[PDB]
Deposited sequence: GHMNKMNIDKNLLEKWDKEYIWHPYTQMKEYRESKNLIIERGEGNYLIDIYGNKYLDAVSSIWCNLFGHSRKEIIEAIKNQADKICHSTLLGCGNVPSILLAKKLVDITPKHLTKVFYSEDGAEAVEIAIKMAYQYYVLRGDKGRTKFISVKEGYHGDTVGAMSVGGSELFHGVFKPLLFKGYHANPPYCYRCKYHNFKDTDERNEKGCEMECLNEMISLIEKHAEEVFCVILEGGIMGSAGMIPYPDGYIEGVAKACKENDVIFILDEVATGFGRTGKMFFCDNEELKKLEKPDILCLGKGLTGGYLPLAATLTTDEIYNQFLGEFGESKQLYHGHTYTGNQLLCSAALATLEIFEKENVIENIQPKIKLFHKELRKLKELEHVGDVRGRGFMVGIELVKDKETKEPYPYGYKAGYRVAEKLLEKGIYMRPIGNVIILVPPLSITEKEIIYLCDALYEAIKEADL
């Protein structure tokens, strides 16, 4: 009963990232099923998933290989532990993950969410230095507006003042450079690394684009310059590819970068979201043997990483990821998305001419369109104006689901998006921006 579902949703669920007073007043999408690149609501209406269910869905909502891998695994066993035991799917997947990532990344620690992968990276980096005999390395370096998740460790190293600023008494402190967007901003970051090296246990950045800040790319050369500064100063470099990993930027991983490979950076890579093709929560933290080796010794020396929740390496999670990686290989996904990305960027250029479009930016299939009140001033709409949501409302009427962040329209379409869907998406966005009350 559709009216009951709507009522129960508003009565019983406290939704993530949502002002519930407004959600309870509106007619919200309630999804019942999915086919291809489309979410289907309880009214039977179809919406193109233009943000990939928040940046995780790679191949659509009815991809048979991943669905069948889950069902086949559930007929064997859904979960048994990695605490002092092993399980088959987690072993096969760990080999695949080591093999598809840079050669210096050789060890796999599993978790469920990108934020937990980052918490684990933080704890490994911190404890590495303690075990290695370093003293006083209790701080970190990151960037303003960076985002790594919403638990306390993730929030500490993030720079998301709006989301996490209220929690400052609970966060551990470090240093934040100005948003990365050679350039004055690289120089600023190198200077911070050089100044604070001996007091810091890591530098952490996202994989070449700041997602939650509104899909802003790091300038070319930026991550490579930071990595080299980390190497020159004996600081661990953590790259968070929770959103960028698995093809979204046009490469398999941002860190598939000859210069980073040459530097053997990052020392720690976090993965999540698209790892399972979007169907289940798995994440991974991959490290160098150098980091792993510090935690080796006799049991009674108490040097092991005392971390790991219940469902670490769960077989259903790992079965979805195995199927995902198998798709990558068998369908030559990275080569096959190249004409689609090229078409997407070509189809976005006309948005630049609209009166309320300040900036069109991003990398591959991760794009933001920044709305502005005045093109020449660059002046923003007030937060309370919900300019991006005004655009989202118009897109919904044209059969497209888009979630913005503040003034930034976000497009993170599935790798499976068709050329026709791309052309439709950008033509609909053009009209939507014109129809919105801006």
In sequence order, the deposited stretches missing their CA atoms are 1-8, 190-209
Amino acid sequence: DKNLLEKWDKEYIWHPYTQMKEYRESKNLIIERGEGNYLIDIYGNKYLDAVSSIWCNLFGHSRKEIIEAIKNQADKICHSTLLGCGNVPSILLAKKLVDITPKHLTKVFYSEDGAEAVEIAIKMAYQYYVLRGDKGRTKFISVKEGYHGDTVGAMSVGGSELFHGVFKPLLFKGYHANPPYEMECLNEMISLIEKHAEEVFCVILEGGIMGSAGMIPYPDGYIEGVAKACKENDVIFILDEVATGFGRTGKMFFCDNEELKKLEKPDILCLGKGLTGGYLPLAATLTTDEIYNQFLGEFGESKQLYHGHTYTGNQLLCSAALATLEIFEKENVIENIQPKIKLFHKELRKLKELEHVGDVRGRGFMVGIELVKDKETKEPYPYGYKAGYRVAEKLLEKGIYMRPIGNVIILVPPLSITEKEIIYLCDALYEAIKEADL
From here on, numbers count along this sequence of modelled residues.
Output the stretch having the higher mean C-alpha B factor in the entry; the candidates are 373-381 and 50-58. 373-381
Assert higher mean C-alpha B factor (264-272 or 250-258, deposited values) equals 250-258
From 94, 185, 74, 286, which pick has the Cα B-factor that tops the rest in the entry? 185
Could you say which of 138, 142, 233, 101 has its CA atom at the highest B factor, as listed in the PDB entry? 233
Ranking every modelled residue in this chain by its Cα temperature factor as given in the entry, which third contains residue 17? lowest
Assert third(CA B-factor, residue 304) within chain per record equals middle
Where does residue 332 sit by CA temperature factor within its chain: lowest, middle or highest third? highest
Is residue 349 in the lowest, middle or highest third of its chain when residues are ranked by C-alpha B-factor? highest
Chain-relative CA temperature factor third for residue 338: highest
